[PDB]
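Below is one structure, written out as structure tokens; the observations come after it.
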Amino acid sequence: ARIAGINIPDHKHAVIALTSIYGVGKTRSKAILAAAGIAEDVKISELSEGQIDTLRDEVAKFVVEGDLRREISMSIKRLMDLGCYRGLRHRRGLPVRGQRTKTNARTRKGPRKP
Amino acid sequence: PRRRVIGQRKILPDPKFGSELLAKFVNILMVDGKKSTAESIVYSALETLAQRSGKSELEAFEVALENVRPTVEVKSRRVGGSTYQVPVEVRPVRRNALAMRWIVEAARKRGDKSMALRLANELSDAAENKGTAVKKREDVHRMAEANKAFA
Amino acid sequence: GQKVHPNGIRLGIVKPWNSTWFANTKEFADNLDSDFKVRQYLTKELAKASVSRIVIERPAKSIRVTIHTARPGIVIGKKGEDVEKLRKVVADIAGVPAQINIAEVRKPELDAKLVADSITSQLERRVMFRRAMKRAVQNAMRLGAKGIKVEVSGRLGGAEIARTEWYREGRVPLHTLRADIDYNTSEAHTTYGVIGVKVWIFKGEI
Amino acid sequence: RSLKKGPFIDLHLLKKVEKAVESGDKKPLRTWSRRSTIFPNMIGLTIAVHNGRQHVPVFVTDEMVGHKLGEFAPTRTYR
Amino acid sequence: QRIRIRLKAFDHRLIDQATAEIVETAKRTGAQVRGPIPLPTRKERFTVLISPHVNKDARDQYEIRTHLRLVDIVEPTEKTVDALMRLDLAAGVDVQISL
Amino acid sequence: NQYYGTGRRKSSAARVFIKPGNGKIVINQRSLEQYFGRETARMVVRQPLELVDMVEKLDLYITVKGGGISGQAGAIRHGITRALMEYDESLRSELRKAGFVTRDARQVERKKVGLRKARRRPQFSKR
Amino acid sequence: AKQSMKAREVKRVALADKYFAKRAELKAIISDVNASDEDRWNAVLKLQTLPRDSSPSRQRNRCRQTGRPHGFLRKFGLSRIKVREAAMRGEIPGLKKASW
RNA sequence: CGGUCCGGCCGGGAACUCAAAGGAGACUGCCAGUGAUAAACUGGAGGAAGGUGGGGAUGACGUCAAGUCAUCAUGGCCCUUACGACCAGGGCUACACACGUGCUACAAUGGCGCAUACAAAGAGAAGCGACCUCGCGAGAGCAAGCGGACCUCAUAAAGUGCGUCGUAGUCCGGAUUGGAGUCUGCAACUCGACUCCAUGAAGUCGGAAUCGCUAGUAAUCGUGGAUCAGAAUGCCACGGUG
Ligand SMILES: [Mg+2]
Ligand SMILES: [Mg+2]
Ligand SMILES: [Mg+2]
Ligand SMILES: [Mg+2]
Ligand SMILES: [Mg+2]
Ligand SMILES: [Mg+2]
Ligand SMILES: [Mg+2]
Ligand SMILES: [Mg+2]
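Residue numbers (PDB author numbering), protein chains in the order written: chain AM, 2 to 115; chain AG, 2 to 152; chain AC, 2 to 207; chain AS, 3 to 81; chain AJ, 4 to 102; chain AI, 4 to 130; chain AN, 2 to 101.
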């Protein structure tokens with residue numbers, strides 16, 4: 002197989018197979034198989050090219066992979082050039098959503114160094 | 002247990018075969034007080050063990066048990082600043098209790114797909130005496146035969 | 002260590018409440034503030050009147066204050082002269098109609114709050130604490146107390162280092178719930194600070 | 003962030019946005035209101051927003067619409 | 004029809020002493036008397052910190068017991084209704100009358 | 004008239020009615036197997052019917068309220084044995100030995116202030 | 002608490018009834034009825050002109066004697082310290098030391 | 001038992017569960033052994049309970065000039081057109097790090113989906129708010145009952161039955177961030193909770209060292225409450241399995 006953004010889906014069940022794209026989680030994957038009329042409990046084996054392109058046409062509606070990644074990064078840059086709080090924190094590699102930094106903030110800061 | 006000389010709690014026998022030794026065995030595997038999912042795994046491992054070793058489910062447990070049942074163990078006692086391992090003869094009740102304990106501990110350390118598989122393959126290894134549990138009875142014996150002078 | 006309040010622990014066992022009324026969550030708080038407000042007024046006014054206890058019951062939309070006093074003649078006055086002036090403002094503080102009843106304190110040398118207020122008043126008169134304590138214990142014992150314990154705390158006699166001195170005579174079984182342990186506090190506001198009086202009077206078992 | 007049912011603004015601030023449109027752009031608009039959402043009728047003005055001690059003059063832009071005036075005024079000095 | 008009297012009191016020995024006064028007066032002035040029915044007591048518990056500052060484990064646990072009694076009188080006789088209305092009950096007992 | 008026995012264990016309380024003939028079990032308008040999803044809990048109600056014989060000798064109408072699986076089951080177990088002595092009163096001696104006559108007074112311990120659970124104390128720090 | 006802090010609560014009650022009980026409550030439900038007025042209302046705007054202390058959520062439950070803004074119990078309207086003080090003197094009806 | 005819309009639902013029944021007031025019972029009392037014929041201990045009978053039956057409340061004289069002048073009270077000292085008082089905005093939520101207490105994990109004794117059995121104890125009129133309708137949802141509109149063994153919060157989860165994944169940084173695990181929203185509240189930017197969609201960090205069981213618990217205990221699984229406009233992984237409390 003090969004769908005929307007260069008990626009080659011594994012020989013795992015249809016729903017978990019599609020989640021491999023950057024822009025489709027558990028919900029879009031349950032709806033894309035519902036809008037194309039394909040089962041969720043079936044592997045890539047038996048799924049012919051006529052069934053693959055109809056799922057490619059279904060996912061093309063919502064911005065996925067590289068087209069989505071630049072949009073995510075654009076909003077981040079927009080905030081940064083505006084001079085906002087939300088921006089000044091993406092620029093300082095610190096948690097934006099208001100979390101505590103006095104301790105436990107290792108995901109945004111990265112690993113510690115004395 | 003400084004002044005208080007208490008006895009031991011007499012537990013209810015097994016719901017299937019009526020074995021007190023198995024009733025102890027289920028409780029030893031039992032985690033988070035989930036006795037249901039505990040006896041489920043003990044029976045599923047007994048079903049896959051007796052079949053793959055020639056029936057006799059009560060005897061298929063007993064065979065693997067004699068190879069893990071120890072005779073002597075060490076008691077860490079401080080006398081003059083130094084710690085001395087003294088060899089002491091184990092009691093029949095503790096003999097069984099210790100055996101059953103290592104069987105479970107070794108099965109948990111295994112890399113199989115399920116606990117019904119982990120328990121069965123460890124009971125198989127102990128019946129032929131070539132698992133992690135028989136080695137845990139061996140390390141206890143090398144320690145006891147070494148410190149034999151302080152008996 | 003720390004001791005449990007002798008009255009609080011005996012509430013329901015051998016000791017009664019000072020507020021017997023019933024109310025739902027809606028007006029329980031408002032009643033308690035009204036109760037504290039009325040008791041505050043009465044202790045202030047009847048200061049030299051020897052009040053020992055003040056019971057508040059609320060029959061329907063009314064208040065019934067039972068003033069326990071060893072000097073009822075001064076509380077009542079010249080034919081209800083002093084009762085009427087008190088009742089009039091108890092009704093103003095409470096908001097509902099008022100009815101004041103006076104209970105007589107026969108033997109005041111056997112009342113905790115009274116013995117305590119006496120010692121407190123004596124210290125404020127610059128009398129020696131050891132004399133006040135001994136007089137309190139002696140009077141109580143000869144009048145029929147099975148036991149008595151009196152404790153005075155802090156800067157005793159204007160001292161720089163605070164002490165907690167206590168005198169005791171008889172039996173004082175603080176652990177027997179069955180025992181009639183009358184206990185009360187009083188504070189002597191002196192020239193050199195606060196002196197806390199604590200009195201325990203054992204009256205007998207059951 | 004908030005309920006869709008009408009975005010929020012201060013009346014002492016909204017009256018100052020109007021007084022600057024008709025009479026022409028003046029010096030920095032001294033305002034304390036940090037809680038107000040920016041409207042399109044503000045773009046091009048100099049609103050001096052408080053931080054705690056001083057008034058941060060921020061020139062209004064079209065991308066600033068929808069966000070609060072308190073995002074462009076730093077509160078905690080960290081050096 | 005039927006007169007429903009709901010008794011609420013913080014003291015238990017007070018509620019059934021005032022319940023006996025309702026029951027006896029009603030059956031003496033000839034009326035059909037159902038109960039005294041002992042309804043479940045509501046136990047409002049309170050936990051407070053005993054120390055003025057710090058000492059989180061140092062606590063006092065209190066309870067307010069709200070005792071309940073139900074007395075159902077079937078016959079609303081004029082000899083009964085009037086006798087019960089001119090009954091002097093304890094001030095610490097709440098009496099709810101349901102028609 | 005029916006034979007009654009009251010049995011309870013933990014927060015579960017059970018009422019047991021004994022009538023001779025057949026070997027039926029009706030627990031809260033349901034079958035013995037329909038109610039309990041555990042065979043261990045099924046064998047404990049079968050326990051009083053081993054020392055004292057019954058295959059299809061006597062029926063039982065049973066209702067149990069409160070608690071859980073083994074609790075409900077344990078309560079019934081006490082009820083049957085109490086209803087069995089109501090019928091004979093000579094079956095006492097055989098029922099004592101088995102240990103079903105005794106009400107299991109083992110109730111869950113209340114949570115205590117300071118502590119995390121009934122006995123579990125929080126983790127101690129020296130420094 | 003401070004005398005000024007106690008007075009600040011008096012003002013917060015005095016205004017809580019005057020406005021946000023009989024007047025601000027009307028313009029709040031209006032600022033929720035979708036059926037009538039969708040843009041030209043000024044209800045949300047004129048809510049700001051009303052004094053701030055008039056809000057019910059701007060008041061802090063305080064001990065009715067001391068003024069303590071913490072450890073409050075609604076049932077008695079007092080902080081945990083003064084509750085215990087009155088409780089022990091039997092000044093709180095039906096309240097005694099529990100054990101179960 | 002009489003009648004069935006098969007729902008204690010309606011006449012009825014006061015038996016039983018249960019509710020809550022009074023009372024009985026357990027005292028080494030009996031028997032046997034050990035023991036200075038004593039105290040006591042061990043074992044057994046009877047008994048629902050046996051050796052203070054289980055749990056709580058109850059904390060002696062005192063020790064640490066231990067903790068609290070910021071609950072309150074108060075000697076002394078200090079400010080008194082200011083150390084007082086009003087208001088807006090900000091901060092207590094900062095973040096190179098170190099320590100303490102927790103939560104969730106690292107998975108197949110497990111994740112997910114569907115079906116389904118069984119609690120206890122609580123809270124409620126400026127309140128709990130059903131049923132019905134709209135929305136994927138958080139919710140919203142409409143609108144009963146209930147100051148409550150009646151009504152509501154409210155479907156207990158573990159468990160069990162069936163199917164799936166098949167030892168993989170994974171259908172484990174859920175952090176962080178983007179977009180869009182909901183509710184409360186004058187007002188959620190700093191700094192709320194929750195929802196939807198998307199993102200899928202670290203971590204495959206933790207070094208030296210160290211903590212709790214002796215039975216309905218530990219371990220685990222839900223439930224409720226106080227505070228509270230809103231804001232629990234904390235605290236207080238409840239039963240299930242064990
Ligand atoms: Mg993804
Ligand atoms: Mg003051
Ligand atoms: Mg508040
Ligand atoms: Mg009783
Ligand atoms: Mg004692
Ligand atoms: Mg000091
Ligand atoms: Mg997941
Ligand atoms: Mg112990």
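All residues carry an ideal CB built from backbone N, CA and C; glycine is no exception.
query: I'd like to confirm something about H15/AJ: is its beta-carbon nearer than 7 Å to some heavy atom of ligand 5, or not?; result: no
query: Would you say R41/AI faces chain AG, with C-beta separation under 8 Å as the test?; result: yes
query: Whose CA, out of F13/AJ, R5/AJ, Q4/AJ, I6/AJ, lies closest to the CA of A94/AJ?; result: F13/AJ
query: With C-beta atoms as the reference, is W167/AC less than 8 Å away from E188/AC?; result: no
query: When you measure from the CB of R12/AI to every non-hydrogen atom of ligand 3, does any distance come out below 7 Å?; result: no
query: Which residues share a DSSP beta bridge with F49/AJ?; result: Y65/AJ
query: Please confirm whether any heavy atom of ligand 5 lies closer than 7 Å to the CB of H81/AI.; result: no
query: Could you tell me which residues DSSP pairs with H70/AJ in its beta bridges?; result: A12/AJ
query: At 8 Å on the CB atoms, spell out the chain AI contacts of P16/AG, in chain order.; result: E42, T43, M46
query: Give every residue of the same chain whose Cβ lies closer than 7 Å to the Cβ of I182/AC, excluding the five residues on either side of it in the sequence, and list them in chain order.; result: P7, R11, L175, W201, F203
query: Since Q49/AN meets chain AS, which of its residues come closer than 7 Å, beta carbon to beta carbon?; result: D12, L13
query: Only counting runs of 3 or more residues, tell me where the beta strand (DSSP E) segments fall wholly within the region 19-82 of chain AM, in order along the chain.; result: none
query: Does chain AJ have any CB closer than 8 Å to the CB of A99/AN?; result: yes
query: Hey, is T20/AM close to ligand 1, as in C-beta under 7 Å from one of its heavy atoms?; result: yes
query: Verify the CB distance criterion: does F23/AC have a CB-CB separation below 8 Å to chain AJ?; result: yes
query: Whose Cβ in chain AS lies nearer than 7 Å to the Cβ of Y86/AM?; result: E73
query: Terminal residues of the continuous alpha helix (DSSP H) containing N97/AG?; result: 93-110
query: Three or more C-beta pairs closer than 8 Å, one from the region 67-84 of chain AC and one from the region 129-136 of chain AC: is that the case here?; result: no
query: Can you confirm whether the region 17-32 of chain AC touches the region 88-95 of chain AN when touching is taken to mean that 3 or more C-beta pairs between the two stretches lie within less than 8 Å?; result: yes
query: Helix, strand or coil for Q99/AJ? Go by DSSP, reduced to three states.; result: strand
query: Taking the beta carbon of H142/AG as the centre, do at least 16 other beta carbons fall within 10 Å, making it buried, or is it exposed?; result: exposed
query: Taking the continuous beta strand (DSSP E) assigned at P23/AI, which residues delimit it?; result: 15-23
query: With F20/AI and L63/AI assumed to form a contact (beta carbons below 8 Å), what rounded beta-carbon distance in angstroms separates them?; result: 7 Å
query: List the residues of chain AM that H52/AS touches, going by C-beta distances under 8 Å, in chain order.; result: Simply none; closest approach about 15 Å.
query: Of the residues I77/AC, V195/AC, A117/AC, which one's Cα is nearest the Cα of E161/AC?; result: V195/AC
query: Tell me whether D62/AI sits in a helix, a strand or coil according to DSSP, three-state version.; result: strand
query: Out of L52/AJ, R48/AJ, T83/AJ, which one is the CA nearest neighbour of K97/AN?; result: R48/AJ
query: Do you know how far the Cα of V62/AS is from the Cα of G8/AS?; result: 21 Å
query: Pull up the DSSP beta-bridge partners for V11/AN, would you.; result: According to DSSP, which records beta bridges pairwise, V11/AN is partnered with nothing at all.
query: Against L83/AM, what residues of chain AS qualify as contacts under a CB-to-CB distance less than 9 Å, listed in chain order?; result: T63, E65, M66, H69, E73, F74
query: Are the C-beta of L96/AN and some C-beta of chain AJ separated by less than 8 Å?; result: yes
query: Rounding to the nearest angstrom, what Cα-Cα distance links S35/AS and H52/AS in this structure?; result: 8 Å
query: Alpha carbon to alpha carbon, how far is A44/AN from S37/AN? Give it in angstroms, no decimals.; result: 13 Å
query: Below 7 Å between beta carbons is the criterion; list the residues of the region 49-82 of chain AM that meet it against any residue of chain AS, in chain order.; result: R79
query: Give me the chain AC residues within the contact set of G91/AN, using Cβ-Cβ distance strictly less than 8 Å, ordered along the chain.; result: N8, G9, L12, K16, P17, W18, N19, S20
query: Give me whichever residues DSSP pairs with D183/AC in a beta bridge.; result: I202/AC
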